[PDB]
Every structure is written in C-alpha cells, then in structure tokens.
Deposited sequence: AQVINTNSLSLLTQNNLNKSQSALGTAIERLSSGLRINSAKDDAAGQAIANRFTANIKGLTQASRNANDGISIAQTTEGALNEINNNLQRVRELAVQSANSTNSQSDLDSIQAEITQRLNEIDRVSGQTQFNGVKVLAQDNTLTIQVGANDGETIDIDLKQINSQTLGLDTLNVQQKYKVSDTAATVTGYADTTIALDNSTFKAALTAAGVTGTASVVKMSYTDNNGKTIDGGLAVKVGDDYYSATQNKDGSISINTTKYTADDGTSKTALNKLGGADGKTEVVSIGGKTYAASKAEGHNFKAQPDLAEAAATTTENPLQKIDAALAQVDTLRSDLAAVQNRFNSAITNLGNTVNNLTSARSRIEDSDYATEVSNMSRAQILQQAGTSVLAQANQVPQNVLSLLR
C-alpha cells in the first residue's frame, strides 16, 4: 500500500541497529578491560568462581611471605646457636686442660677466668638475640607460621630457652680451694650479724705450700667479710647494690667464699651469688640468676658433652623446619601459578576473538545505518503522485 503515516521498514531497520550496537559495545568493553567477565550478567557462576580463585591466589601469595618470615626466625636462631656451640667447644678444651694435676691453683684460676667469660658470653647471646622483638633463645615459645590461605593452616616453630642454667653449666668450676688463714690487724650490725668482730689480714696457701696475701677482712667466727681501708684510715666491709623482689634498691655484705675460698660472695634471699654477678642485678625483673659455685664440679666433661648435645638437638630441629618451609614455599609457588592459570581461563578475554567481534559489529552498524537512510527514502515516491 502507498502509506505515509507509518514507515514500518524504517522501524524495522532502527530495531536491527540495536543488535549490532550491543555487540560492538560488548567487544570494546572486553578489549578495554582485558576481561571476559565485566559484570555478573556476563557469567555469574564464572565471576564467583574467579573471585574465589582471587582470594586463594592473594592468600597463598601472602602465605609465602609469611613462610619467609618463618625462615628468618629459624636462620637467626641457628646463627646464634653456632657461636654458643663454639663457646662450649672452647670450654670443653679448657676443662680437659684443667684436669691435669701439674697445674698450680693460679693456673686453675687462670683457666676458670676464661671459662667464666665463655659462660657469660653464652648467657649474653641468649638474653640479647632477637628477631622482630622475639627473644628466640631467652624463653620456651611455640610460634605459628601461617602457610595457608585458611584458618589454622600453620607450621609450628618450637623455640627453647638455651642459657648456662638450662645447659646445666651455671656453676661449672675447675678451681680448687685454697687453705685459708688469718693474722690479727669494724661493725656489721646493720645486716643483723651479732657475733664479736675484729679486722684481720687474709692469707691463702696452695697445694704446694705457696702463700698469697689476701688483704683485709672482718672476721666474726667462721665467716670472713671482705674489707678495704680508705683515706680516712677507717676499715669498711665491701658491699653490692641490687634491686630486690621488693622493687627497691637494697644492699648486701661481701663475704669471702666460693669454690676457691677467696671469691667475694653475697647472700640474697636464701641463695649465694658472686658479687660481680649480683652488682646492679634486678631480682624483680629477672629472679633467675646463677648462684656461686661452692666447690669443684664433678664430672665436668660429661656435663659439657650433655650441653653440646642439647645445642645439637635444637640445631637439628631448626634445620628440619627450615627444610619444611623451603618445601612449603616451593609448593606455594607452584600452586599460585596453577590457580592463576585456572582463573585466567575463566575471566580473561581473548583478544583475537574480541578484535574480530568488534570489526564484524562495526561493519554491521555501518550497513544498518546506510539501509535506514534507504528505508527513510521509500515514502518520497508518493509525493510525485501529488505534485
């Protein structure tokens, strides 16, 4: 029919343009983003699966970094145990040297001076070694390293307190007792000592009969307290200062005793400490302190071998978890890549495909546009019947 009021063919061709416009838009979006899935309307199940892959990829990625922090704990702990082991090997060698009876008592004192410095160095390294504030040799502690993406997916590191006390060497002593004697030359009542007192000059005799001058002491019975004469001419008992369990600073008198019979020792609580260890110590913050040795150690070489054994055991446990963390990191790496490929196969756009889809849709848009112009010309024909 010769109709003008309506142009169905124009309507039809306008409609068709929508189809190719949508297609073109889809293609351009995918090219733009690099993603096949741009909204849940593309592939709702795919988006949720890809998103859950993303959480694991990110999680496992993080987990890997956590396992490297686990390696760092174990390496730095093992490094400190290495030098504790070197110190114990020197102490053992010194104990083998000390056992020979051709040593004089001053040779034994000289050997004990290095043994004390070596045991103090083990205690120092134990107290001071840390990794991100974890005091790795100072306390028994189980760290949990997060190696997985989910709750509870952990590997334990078991840290142990290693020091001269837990090694059983805190009182390790190779000295022999001097014969103690006195000749006649001060008050003690502020410490509660009640016996009658006098100043004496100490002397010490060795196994061969050689005599050594000890200096001044105050004698009250079987006790001798170490003493010094000042410029004033007055004679005062030596003392140490410590922070007690009360948290206040407090004082102790320096008695003469220990394994050699001439070491300055102090009674704090009910326990006997070397004055050089007790001075400035904090018995509130650190109530555990090595007591003074009272006598020569029995079987020192057996005890030092057991200390070497303990360090060996802990080094072997730390080597075992380092091998486990390297295996876990290896696995993690592989896993990450595999899940990254799996996610990619779901959400990533195929450029070859999309480029092709874009150019096909552009041609259809151009064809449809030129055909709509022709459909709009069809009714012009009718005007020639009127004019």
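- Positions of the deposited sequence absent from the coordinates form one stretch: 186-203.
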